[PDB]
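S.K.: Got a structure for you, start36.txt, holding compact mmCIF, C-alpha atoms.
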```txt
# COMPACT_ATOMS: atom_id res chain seq x y z
CA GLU E 126 53.50 7.13 64.43
CA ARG E 127 52.58 8.60 61.05
CA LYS E 128 55.00 6.13 59.47
CA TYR E 129 53.73 3.05 61.32
CA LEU E 130 50.09 3.62 60.39
CA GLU E 131 51.10 4.27 56.78
CA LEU E 132 53.13 1.06 56.81
CA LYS E 133 50.11 -0.67 58.34
CA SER E 134 47.91 1.25 55.89
CA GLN E 135 49.80 -0.32 52.98
CA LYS E 136 50.02 -3.73 54.68
CA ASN E 137 46.45 -4.73 53.82
CA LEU E 138 46.75 -3.14 50.38
CA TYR E 139 49.74 -5.37 49.67
CA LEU E 140 47.65 -8.31 50.88
CA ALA E 141 45.02 -7.17 48.39
CA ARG E 142 47.41 -8.02 45.55
CA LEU E 143 48.92 -11.01 47.38
CA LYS E 144 45.60 -12.84 47.06
CA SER E 145 45.25 -11.59 43.48
CA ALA E 146 47.92 -13.87 42.00
CA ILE E 147 46.73 -16.81 44.09
CA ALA E 148 43.22 -15.77 43.07
CA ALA E 149 44.35 -15.23 39.47
CA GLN E 150 46.54 -18.32 39.19
CA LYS E 151 43.86 -20.71 40.45
CA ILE E 152 41.65 -19.76 37.50
CA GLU E 153 44.53 -19.56 35.00
CA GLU E 154 45.56 -23.15 35.76
CA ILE E 155 42.02 -24.28 34.93
CA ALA E 156 42.07 -21.92 31.95
CA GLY E 157 45.00 -24.00 30.69
CA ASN E 158 42.62 -26.90 30.08
CA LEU E 159 42.16 -25.71 26.48
CA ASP E 160 43.96 -26.93 23.34
CA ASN E 161 45.83 -30.23 23.90
CA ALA E 162 45.88 -29.99 27.72
CA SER E 163 43.64 -31.57 30.36
CA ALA E 164 39.89 -31.12 29.88
CA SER E 165 39.93 -30.02 26.24
CA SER E 166 42.58 -32.67 25.64
CA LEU E 167 40.05 -35.15 27.00
CA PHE E 168 37.46 -33.52 24.74
CA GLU E 169 40.05 -33.76 21.97
CA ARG E 170 40.42 -37.39 23.04
CA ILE E 171 36.63 -37.74 23.15
CA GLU E 172 36.00 -36.12 19.77
CA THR E 173 38.66 -38.39 18.31
CA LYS E 174 36.71 -41.17 20.00
CA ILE E 175 33.59 -39.57 18.52
CA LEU E 176 35.38 -39.63 15.16
CA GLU E 177 36.75 -43.10 15.91
CA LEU E 178 33.28 -44.61 16.36
CA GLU E 179 31.67 -42.89 13.36
CA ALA E 180 34.36 -44.54 11.24
CA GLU E 181 33.16 -47.91 12.54
CA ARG E 182 29.67 -47.44 11.10
CA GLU E 183 31.14 -46.23 7.81
CA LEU E 184 32.68 -49.70 7.51
CA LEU E 185 29.71 -51.88 8.49
CA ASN E 186 27.39 -49.27 6.91
CA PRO E 187 29.22 -47.80 3.91
CA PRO E 188 28.22 -44.19 3.19
CA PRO E 189 26.56 -43.08 -0.05
CA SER E 190 28.88 -42.92 -3.04
CA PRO E 191 29.06 -39.97 -5.45
CA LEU E 192 27.47 -42.25 -8.06
CA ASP E 193 24.27 -42.45 -6.01
CA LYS E 194 24.52 -38.72 -5.27
CA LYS E 195 24.05 -37.98 -8.96
CA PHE E 196 21.42 -40.71 -9.32
CA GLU E 197 19.36 -39.58 -6.33
CA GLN E 198 19.59 -35.96 -7.47
CA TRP E 199 19.21 -36.79 -11.17
CA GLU E 200 16.29 -39.14 -10.49
CA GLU E 201 14.81 -36.55 -8.14
CA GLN E 202 14.61 -34.06 -11.02
CA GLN E 203 12.38 -36.43 -12.98
CA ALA E 204 10.77 -37.64 -9.74
CA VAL E 205 9.47 -34.11 -9.18
CA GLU E 206 9.19 -33.11 -12.84
CA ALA E 207 7.33 -36.28 -13.84
CA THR E 208 4.87 -36.00 -10.95
CA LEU E 209 4.18 -32.30 -11.55
CA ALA E 210 3.93 -33.04 -15.28
CA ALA E 211 0.80 -35.09 -14.60
CA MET E 212 -0.43 -32.78 -11.83
CA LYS E 213 0.06 -29.68 -13.99
CA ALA E 214 -1.75 -31.52 -16.80
CA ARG E 215 -4.42 -33.25 -14.69
CA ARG E 216 -6.21 -29.93 -14.10
CA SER E 217 -4.33 -27.58 -16.43
CA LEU Y 28 35.70 -34.96 36.12
CA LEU Y 29 34.19 -31.91 34.42
CA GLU Y 30 31.53 -31.36 37.09
CA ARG Y 31 34.13 -31.91 39.82
CA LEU Y 32 36.70 -29.58 38.23
CA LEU Y 33 34.23 -26.71 37.83
CA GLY Y 34 33.26 -27.16 41.48
CA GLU Y 35 36.58 -25.79 42.70
CA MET Y 36 36.22 -22.83 40.35
CA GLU Y 37 32.96 -21.84 42.06
CA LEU Y 38 34.91 -21.79 45.32
CA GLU Y 39 37.70 -20.01 43.44
CA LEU Y 40 35.36 -17.42 41.92
CA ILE Y 41 33.83 -16.50 45.28
CA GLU Y 42 37.40 -16.13 46.54
CA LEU Y 43 37.82 -13.57 43.77
CA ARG Y 44 34.44 -12.09 44.67
CA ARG Y 45 34.84 -12.01 48.45
CA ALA Y 46 38.28 -10.51 49.05
CA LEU Y 47 38.15 -8.25 45.97
CA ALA Y 48 35.66 -6.04 47.81
CA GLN Y 49 38.26 -5.61 50.56
CA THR Y 50 40.43 -3.88 47.96
CA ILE Y 51 37.68 -1.30 47.47
CA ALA Y 52 36.99 -1.05 51.20
CA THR Y 53 40.61 -0.11 51.87
CA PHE Y 54 40.55 2.30 48.93
CA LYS Y 55 37.43 4.23 49.93
CA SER Y 56 38.59 4.17 53.55
CA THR Y 57 41.52 6.36 52.51
CA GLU Y 58 39.08 8.67 50.72
CA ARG Y 59 37.29 9.39 54.00
CA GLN Y 60 40.65 9.99 55.68
CA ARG Y 61 41.47 12.52 52.96
CA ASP Y 62 38.24 14.40 53.68
CA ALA Y 63 39.06 14.49 57.39
CA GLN Y 64 42.55 15.77 56.60
CA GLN Y 65 41.00 18.24 54.15
CA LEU Y 66 38.33 19.12 56.73
CA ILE Y 67 40.91 20.10 59.36
CA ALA Y 68 42.78 21.88 56.58
CA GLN Y 69 39.55 23.73 55.80
CA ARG Y 70 39.23 24.56 59.51
CA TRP Y 71 42.73 26.03 59.42
CA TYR Y 72 41.70 27.88 56.26
CA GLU Y 73 38.54 28.99 58.07
CA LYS Y 74 40.70 30.06 61.02
CA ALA Y 75 43.07 31.73 58.55
CA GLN Y 76 40.14 33.64 57.07
CA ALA Y 77 39.50 35.03 60.56
CA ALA Y 78 43.22 35.82 61.00
CA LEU Y 79 43.62 38.35 58.18
CA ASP Y 80 40.53 40.16 59.45
CA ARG Y 81 41.17 43.32 61.51
CA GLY Y 82 44.45 43.93 59.65
CA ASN Y 83 46.75 41.44 61.42
CA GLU Y 84 48.39 39.37 58.68
CA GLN Y 85 51.03 37.97 61.05
CA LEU Y 86 48.65 35.36 62.46
CA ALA Y 87 47.38 34.39 59.01
CA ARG Y 88 50.90 33.54 57.83
CA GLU Y 89 51.40 31.23 60.81
CA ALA Y 90 47.96 29.66 60.31
CA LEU Y 91 48.74 28.69 56.72
CA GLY Y 92 52.10 27.34 57.89
CA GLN Y 93 50.41 24.52 59.78
CA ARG Y 94 48.08 23.93 56.83
CA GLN Y 95 51.00 23.06 54.54
CA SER Y 96 51.73 20.19 56.93
CA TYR Y 97 48.25 18.82 56.21
CA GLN Y 98 48.45 19.78 52.53
CA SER Y 99 51.47 17.50 52.12
CA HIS Y 100 49.41 14.73 53.71
CA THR Y 101 46.52 15.70 51.44
CA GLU Y 102 48.83 15.84 48.41
CA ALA Y 103 50.63 12.58 49.17
CA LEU Y 104 47.44 10.73 50.11
CA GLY Y 105 45.53 12.22 47.18
CA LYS Y 106 48.12 10.91 44.74
CA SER Y 107 47.68 7.38 46.10
CA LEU Y 108 43.92 7.53 45.52
CA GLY Y 109 44.34 8.29 41.83
CA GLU Y 110 47.02 5.63 41.43
CA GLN Y 111 44.91 2.99 43.18
CA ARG Y 112 41.90 3.79 40.97
CA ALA Y 113 43.51 2.07 37.98
CA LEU Y 114 44.12 -1.13 39.95
CA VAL Y 115 40.50 -1.44 41.09
CA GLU Y 116 39.15 -0.70 37.61
CA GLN Y 117 41.42 -3.12 35.74
CA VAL Y 118 40.91 -5.97 38.21
CA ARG Y 119 37.13 -5.61 37.93
CA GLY Y 120 37.44 -5.86 34.16
CA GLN Y 121 39.36 -9.10 34.66
CA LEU Y 122 36.54 -10.53 36.77
CA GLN Y 123 33.87 -9.40 34.31
CA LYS Y 124 35.83 -10.92 31.42
CA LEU Y 125 36.78 -14.00 33.46
CA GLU Y 126 33.19 -14.57 34.60
CA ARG Y 127 31.99 -14.26 31.00
CA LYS Y 128 34.59 -16.88 30.06
CA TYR Y 129 33.71 -19.35 32.82
CA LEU Y 130 29.99 -19.40 32.01
CA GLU Y 131 30.79 -19.78 28.31
CA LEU Y 132 33.13 -22.66 29.16
CA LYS Y 133 30.36 -24.08 31.33
CA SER Y 134 27.89 -23.18 28.56
CA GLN Y 135 29.81 -25.39 26.13
CA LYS Y 136 30.43 -28.10 28.74
CA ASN Y 137 26.95 -29.61 28.46
CA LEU Y 138 26.95 -29.11 24.69
CA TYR Y 139 30.12 -31.20 24.48
CA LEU Y 140 28.39 -33.80 26.64
CA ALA Y 141 25.56 -33.68 24.10
CA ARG Y 142 27.91 -35.15 21.49
CA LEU Y 143 29.78 -37.31 24.02
CA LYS Y 144 26.66 -39.42 24.48
CA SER Y 145 26.04 -39.34 20.72
CA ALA Y 146 28.87 -41.73 19.81
CA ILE Y 147 28.06 -43.99 22.75
CA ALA Y 148 24.43 -43.60 21.70
CA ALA Y 149 25.36 -44.08 18.04
CA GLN Y 150 27.84 -46.92 18.53
CA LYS Y 151 25.45 -49.03 20.63
CA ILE Y 152 23.05 -49.21 17.68
CA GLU Y 153 25.80 -49.52 15.05
CA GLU Y 154 27.20 -52.62 16.76
CA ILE Y 155 23.77 -54.24 16.55
CA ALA Y 156 23.47 -52.89 13.00
CA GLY Y 157 26.54 -55.00 12.22
CA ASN Y 158 24.44 -58.14 12.66
CA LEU Y 159 23.72 -58.13 8.91
CA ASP Y 160 25.51 -60.08 6.16
CA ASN Y 161 27.73 -62.90 7.54
CA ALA Y 162 27.90 -61.51 11.11
CA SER Y 163 25.93 -62.40 14.24
CA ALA Y 164 22.14 -62.43 13.90
CA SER Y 165 21.93 -62.48 10.10
CA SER Y 166 24.80 -64.96 10.14
CA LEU Y 167 22.59 -67.12 12.34
CA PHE Y 168 19.77 -66.47 9.87
CA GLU Y 169 22.26 -67.31 7.13
CA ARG Y 170 23.03 -70.40 9.20
CA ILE Y 171 19.30 -71.02 9.66
CA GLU Y 172 18.37 -70.55 6.01
CA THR Y 173 21.19 -72.92 5.10
CA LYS Y 174 19.60 -75.22 7.67
CA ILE Q 175 30.39 -0.95 58.08
CA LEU Q 176 32.45 0.05 55.04
CA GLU Q 177 33.39 -3.59 54.44
CA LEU Q 178 29.76 -4.71 54.13
CA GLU Q 179 28.60 -1.79 51.98
CA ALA Q 180 31.27 -2.83 49.49
CA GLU Q 181 29.63 -6.27 49.33
CA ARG Q 182 26.34 -4.85 48.05
CA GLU Q 183 28.20 -2.67 45.54
CA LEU Q 184 29.40 -5.94 43.99
CA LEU Q 185 26.16 -7.93 43.93
CA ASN Q 186 24.25 -4.64 43.40
CA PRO Q 187 26.47 -2.38 41.27
CA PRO Q 188 25.90 1.32 41.97
CA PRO Q 189 24.63 3.77 39.35
CA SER Q 190 27.21 4.77 36.75
CA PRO Q 191 27.88 8.37 35.68
CA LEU Q 192 26.30 7.48 32.33
CA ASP Q 193 22.94 6.91 34.01
CA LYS Q 194 23.49 10.01 36.15
CA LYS Q 195 23.41 12.16 33.02
CA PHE Q 196 20.56 10.12 31.53
CA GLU Q 197 18.38 10.27 34.65
CA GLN Q 198 19.06 14.00 35.01
CA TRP Q 199 18.91 14.69 31.27
CA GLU Q 200 15.74 12.64 30.86
CA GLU Q 201 14.32 14.31 33.97
CA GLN Q 202 14.61 17.71 32.28
CA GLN Q 203 12.33 16.56 29.47
CA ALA Q 204 10.35 14.42 31.91
CA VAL Q 205 9.37 17.60 33.75
CA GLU Q 206 9.50 19.95 30.75
CA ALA Q 207 7.42 17.66 28.54
CA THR Q 208 4.76 17.12 31.21
CA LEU Q 209 4.50 20.82 32.06
CA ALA Q 210 4.49 21.60 28.33
CA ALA Q 211 1.12 19.86 28.04
CA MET Q 212 -0.09 21.07 31.44
CA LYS Q 213 0.88 24.67 30.67
CA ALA Q 214 -0.86 24.28 27.29
CA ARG Q 215 -3.85 22.22 28.47
CA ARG Q 216 -5.35 25.27 30.22
CA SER Q 217 -3.05 28.07 29.07
CA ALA P 77 16.55 9.66 23.53
CA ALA P 78 20.19 10.83 23.50
CA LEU P 79 20.27 12.41 20.03
CA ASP P 80 17.06 14.27 20.87
CA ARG P 81 17.47 17.95 21.84
CA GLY P 82 20.63 18.22 19.70
CA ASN P 83 23.19 16.58 22.01
CA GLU P 84 24.94 13.91 19.93
CA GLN P 85 27.77 13.51 22.46
CA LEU P 86 25.68 11.28 24.72
CA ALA P 87 24.40 9.20 21.80
CA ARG P 88 27.95 8.32 20.73
CA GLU P 89 28.75 7.07 24.24
CA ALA P 90 25.46 5.16 24.43
CA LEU P 91 26.22 3.21 21.26
CA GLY P 92 29.72 2.55 22.59
CA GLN P 93 28.36 0.31 25.34
CA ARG P 94 26.01 -1.33 22.84
CA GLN P 95 28.92 -2.63 20.76
CA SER P 96 29.99 -4.56 23.86
CA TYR P 97 26.64 -6.36 23.78
CA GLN P 98 26.63 -6.56 19.98
CA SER P 99 29.84 -8.60 20.10
CA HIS P 100 28.09 -10.91 22.57
CA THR P 101 25.06 -10.91 20.27
CA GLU P 102 27.25 -11.52 17.22
CA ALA P 103 29.37 -14.24 18.82
CA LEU P 104 26.39 -15.96 20.46
CA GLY P 105 24.26 -15.60 17.33
CA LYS P 106 26.90 -17.38 15.25
CA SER P 107 26.82 -20.34 17.63
CA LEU P 108 23.05 -20.68 17.25
CA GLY P 109 23.29 -21.05 13.48
CA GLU P 110 26.19 -23.48 13.75
CA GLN P 111 24.38 -25.63 16.33
CA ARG P 112 21.25 -25.77 14.16
CA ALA P 113 22.92 -28.19 11.74
CA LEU P 114 23.89 -30.58 14.54
CA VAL P 115 20.35 -30.81 15.93
CA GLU P 116 18.83 -31.28 12.47
CA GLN P 117 21.26 -33.96 11.29
CA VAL P 118 21.09 -35.95 14.53
CA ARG P 119 17.29 -36.00 14.37
CA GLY P 120 17.51 -37.37 10.83
CA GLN P 121 19.73 -40.14 12.18
CA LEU P 122 17.12 -41.08 14.78
CA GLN P 123 14.29 -40.96 12.24
CA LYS P 124 16.29 -43.13 9.85
CA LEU P 125 17.58 -45.36 12.66
CA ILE C 175 52.85 -11.81 41.46
CA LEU C 176 54.84 -11.03 38.32
CA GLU C 177 55.87 -14.69 38.03
CA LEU C 178 52.27 -15.92 37.87
CA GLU C 179 51.00 -13.24 35.48
CA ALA C 180 53.67 -14.43 33.06
CA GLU C 181 52.12 -17.90 33.23
CA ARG C 182 48.77 -16.69 31.88
CA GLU C 183 50.54 -14.70 29.16
CA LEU C 184 51.81 -18.06 27.88
CA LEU C 185 48.62 -20.13 28.05
CA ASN C 186 46.62 -16.96 27.26
CA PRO C 187 48.75 -14.84 24.91
CA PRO C 188 48.09 -11.11 25.28
CA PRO C 189 46.72 -8.93 22.48
CA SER C 190 49.24 -8.10 19.76
CA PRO C 191 49.80 -4.60 18.36
CA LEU C 192 48.19 -5.82 15.13
CA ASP C 193 44.87 -6.33 16.91
CA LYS C 194 45.38 -3.03 18.75
CA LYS C 195 45.19 -1.17 15.44
CA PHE C 196 42.38 -3.42 14.19
CA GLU C 197 40.24 -3.04 17.31
CA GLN C 198 40.82 0.72 17.33
CA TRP C 199 40.61 1.07 13.54
CA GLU C 200 37.48 -1.08 13.37
CA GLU C 201 36.06 0.82 16.34
CA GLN C 202 36.24 4.06 14.35
CA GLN C 203 33.95 2.61 11.68
CA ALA C 204 32.06 0.65 14.34
CA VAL C 205 31.02 3.95 15.91
CA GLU C 206 31.05 6.03 12.71
CA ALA C 207 29.00 3.49 10.74
CA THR C 208 26.39 3.13 13.48
CA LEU C 209 26.05 6.88 14.01
CA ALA C 210 25.97 7.32 10.23
CA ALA C 211 22.64 5.47 10.14
CA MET C 212 21.44 6.96 13.44
CA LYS C 213 22.31 10.50 12.34
CA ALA C 214 20.53 9.76 9.04
CA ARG C 215 17.61 7.74 10.44
CA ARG C 216 16.06 10.90 11.93
CA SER C 217 18.27 13.64 10.50
```
Starting from the file, give its structure as structure tokens.

M.R.:
Amino acid sequence: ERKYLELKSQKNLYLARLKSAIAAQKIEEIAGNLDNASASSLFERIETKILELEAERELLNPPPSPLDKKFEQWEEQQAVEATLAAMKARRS
Amino acid sequence: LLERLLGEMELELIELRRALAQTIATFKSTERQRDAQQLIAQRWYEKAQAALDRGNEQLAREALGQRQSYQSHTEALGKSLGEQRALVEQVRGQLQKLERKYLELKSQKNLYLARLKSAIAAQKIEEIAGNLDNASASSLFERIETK
Amino acid sequence: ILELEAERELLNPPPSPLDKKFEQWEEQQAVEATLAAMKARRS
Amino acid sequence: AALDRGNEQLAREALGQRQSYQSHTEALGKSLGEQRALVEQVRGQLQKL
Amino acid sequence: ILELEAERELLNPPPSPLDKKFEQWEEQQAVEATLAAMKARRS
């Protein structure tokens, strides 16, 4: 009798871990959606699609060139300096 | 899919949450059994205390003899309690870590959708923005101005 | 009965030994600090 | 309140749990700064668009 | 049970001994550095 109850006592405890792997695996399989698999792969597909579309506008709408980067910055220096030159001299 | 896929996890997570408590229930159930086994052992010890009194040690020796039968049960059962403590602690840490991961994954889910609409949002205006030069509307205007 | 009480221990985690020392340790000053003023208010 | 009364043992343990939240604060805080650029740039697109 | 736990160890690699020393080694300064200011804030 002491043995049977102990065997029955451990029966449910074994079932406690039996569900664990089924419990643990069901979340691990979803956890595998990262990197190049499933959901994140779709997100990787999407972001590539995000990057695919943004390239389309860069063709029909070419981005600023480094030449205008220096001009906009270089002209900005005088754009601010020239304006403040009069403002600092208007009421010096 | 994303909303659908996370739906099963909610059912999955409660499956973790529901039956996990059963692991504790079985564990603490043994703890009460240990006290009962210890209690009767204490009763034998209490009876043993009354055996040595009056100068008759013969009965006390017999009384402790039965106790050792319960002590082995107390010793064997007590060892299981300590061993099972690690399992309940580590598994809870898994859930706490796993829960923190799921919400973060769900936390970034909508943020990813924030940029998912962006390209669809951005492309729908870029395609119209392509109407300049010799394409579409401005091409028609180029056609018109030529007309 | 023991199955259900485990359910609340999950949704409502029980006090940890860390708070056991804090509640007791803070209680010592909680009573000592209050009686320090009371014993000195009308010493 | 742990270091008070000359018992530094409890204070060390108390900060131990904090580091668990600090990592959450550190990791989460980094995301906030990173996401700030996305919200700013996208708004500029709308204003320009 | 052991078959499934191996599956997560692949998709979710376990901590390496290199991070074991780093987490422990950084923890020493993580606690020492914090208590260094706390022990000096109100020394």

S.K.: Residues of chain Y within 12 Å of chain P, counting only C-alpha atoms - could you list those as a PyMOL selection string?

M.R.: chain Y and resi 124+127-128+131+134-135+138-139+141-142+144-146+148-153+155-156

S.K.: Report, in Å to a single decimal, how far apart CA of residue 75 in chain Y and CA of residue 103 in chain Y are.

M.R.: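 Distance between the two atoms: 22.6 Å.
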
S.K.: Output as a ChimeraX atom specification the set of chain Y residues within 9 Å of chain E, with distances taken over all atoms listed in the file.

M.R.: /Y:28-29,32-33,36,39-40,42-43,46-47,49-50,53-54,57,118,125,129,139,142-143,145-147,149-150,153-154,156-157,159

S.K.: Go ahead and write the residues just picked, C-alpha atoms, as a compact mmCIF listing (two decimals), in the coordinates of the input.

M.R.:
```
# COMPACT_ATOMS: atom_id res chain seq x y z
CA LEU Y 28 35.70 -34.96 36.12
CA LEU Y 29 34.19 -31.91 34.42
CA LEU Y 32 36.70 -29.58 38.23
CA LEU Y 33 34.23 -26.71 37.83
CA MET Y 36 36.22 -22.83 40.35
CA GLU Y 39 37.70 -20.01 43.44
CA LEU Y 40 35.36 -17.42 41.92
CA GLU Y 42 37.40 -16.13 46.54
CA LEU Y 43 37.82 -13.57 43.77
CA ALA Y 46 38.28 -10.51 49.05
CA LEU Y 47 38.15 -8.25 45.97
CA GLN Y 49 38.26 -5.61 50.56
CA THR Y 50 40.43 -3.88 47.96
CA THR Y 53 40.61 -0.11 51.87
CA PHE Y 54 40.55 2.30 48.93
CA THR Y 57 41.52 6.36 52.51
CA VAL Y 118 40.91 -5.97 38.21
CA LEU Y 125 36.78 -14.00 33.46
CA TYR Y 129 33.71 -19.35 32.82
CA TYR Y 139 30.12 -31.20 24.48
CA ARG Y 142 27.91 -35.15 21.49
CA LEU Y 143 29.78 -37.31 24.02
CA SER Y 145 26.04 -39.34 20.72
CA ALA Y 146 28.87 -41.73 19.81
CA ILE Y 147 28.06 -43.99 22.75
CA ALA Y 149 25.36 -44.08 18.04
CA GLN Y 150 27.84 -46.92 18.53
CA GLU Y 153 25.80 -49.52 15.05
CA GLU Y 154 27.20 -52.62 16.76
CA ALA Y 156 23.47 -52.89 13.00
CA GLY Y 157 26.54 -55.00 12.22
CA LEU Y 159 23.72 -58.13 8.91
```

S.K.: What residues in chain Q have any atom no more than 9 Å from chain P when counting all atoms listed in the file, and can you write them as a VMD selection string?

M.R.: chain Q and resid 192 195 to 196 199 to 200

S.K.: Can you list, as a list in words, every protein, DNA or RNA residue that comes within 12 Å of residue 185 in chain Q when you count only C-alpha atoms, leaving out same-chain residues fewer than 5 positions away?

M.R.: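 Within the cut-off, the hits are residues 41, 44, 45 and 48 of chain Y; 178, 179 and 180 of chain Q.
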
S.K.: To one decimal place in Å, what is the distance between CA of residue 190 in chain Q and CA of residue 83 in chain P?

M.R.: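 One can read the CA of residue 190 in chain Q to CA of residue 83 in chain P distance as 19.3 Å.
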
S.K.: Could you tell me how far CA of residue 93 in chain P sits from CA of residue 205 in chain C, in Å to one decimal place?

M.R.: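 Here the two named atoms are 10.5 Å from each other.
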
S.K.: Which is closer to chain Q than all the others in Y:77, Y:51, Y:89, Y:72, using all atoms listed in the file?

M.R.: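 The shortest atom-to-atom distance to chain Q comes from Y:51.
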
S.K.: Which polymer residues have any atom within 9 Å of an atom of residue 209 in chain C, counting all atoms listed in the file, with same-chain residues fewer than 3 positions away left out, as a PyMOL selection string?

M.R.: (chain P and resi 87-88+91) or (chain C and resi 204-206+212-214)

S.K.: Compute the set of chain C residues within 10 Å of chain E, using only C-alpha atoms, and express it as a PyMOL selection string.

M.R.: chain C and resi 175-179+181-186
